[PDB]
């Protein structure tokens, strides 16, 4: 049902309807000689769409917009990137050219600039302290604290009980840590506990990469992070 790495050539994007007015988008990218799947989110709000994250590069993000037009047919008017890595902001220039208003926290914008990654134009205020939440159209944005990166945001869709954990949450199939070069390993389990405490009602949990599940993904991620922490 849910699209996998095997079934998506790099350059194509799949949409997966989760609920009324809520989709994930799934793309793949080559990196260091392997191929990785990647998720984002699409959320309807009236007669327009809110996009969560790019499809990991310009080419994929072009295909994303085309696939949205084909399968949904409503305009993307705002986008939020949930941290500064290229699987979240790579393609922001494509979005902007298409008239999308692109957003990220000041921390994400600052880190993207440092990294040399594309910089969302608008700033999300009210998210700089762990446990901060703000409304953004049909979703709530939440800063759980440092985890996969110091700037990582999570996204909740109240009407659908959909929790988008982004890359701070791992799919169950991943039993080893991925890119933790920018991670706060020491804080990551505590940040995951904040997510659990704030969104215990979540029914559909979407990781940044791979298969969705339920709130168990949180404990799973903590397990994997703690096991990496204990590198021997």
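Numbering follows the first chain given and starts at 1.
### Query
Would 23-31 or 164-172 have the larger average of its C-alpha temperature factors, as given in the entry?
The deposited B-factors put 23-31 ahead on the C-alpha mean.
#### Entry: Of 143-151 and 93-101, the one with larger mean CA B-factor
Going by the record's values, the stretch with the higher mean is 93-101.
### Message
Highest recorded C-alpha temperature factor, please, choosing from 54, 203, 38, 191.
### Response
Across 54, 203, 38, 191, the entry lists the biggest C-alpha B-factor for 203.
### Query
Among 186, 42, 195, 181, which residue carries the highest C-alpha B-factor recorded in the PDB entry?
Answer, based on the entry's C-alpha B-factors: 181.
### Query
Among the modelled residues of its chain, does the C-alpha B-factor of residue 81 lie in the lowest, middle or highest third?
According to the entry, residue 81 has a C-alpha B-factor in the chain's lowest third.
### Third of chain Cα B-factors occupied by residue 211
As the PDB entry reports it, the C-alpha B-factor of residue 211 lands in the middle third of its chain.
### Relative C-alpha B-factor of residue 228, binned into the chain's lowest, middle or highest third
For residue 228, the deposited C-alpha B-factor lands in the middle third.
### Query
Lowest, middle or highest third of the chain for the C-alpha temperature factor of residue 219?
Answer is highest: the recorded C-alpha B-factor places it there.
### Message
Is residue 72 in the lowest, middle or highest third of its chain when residues are ranked by C-alpha B-factor?
### Response
For residue 72, the deposited C-alpha B-factor lands in the highest third.
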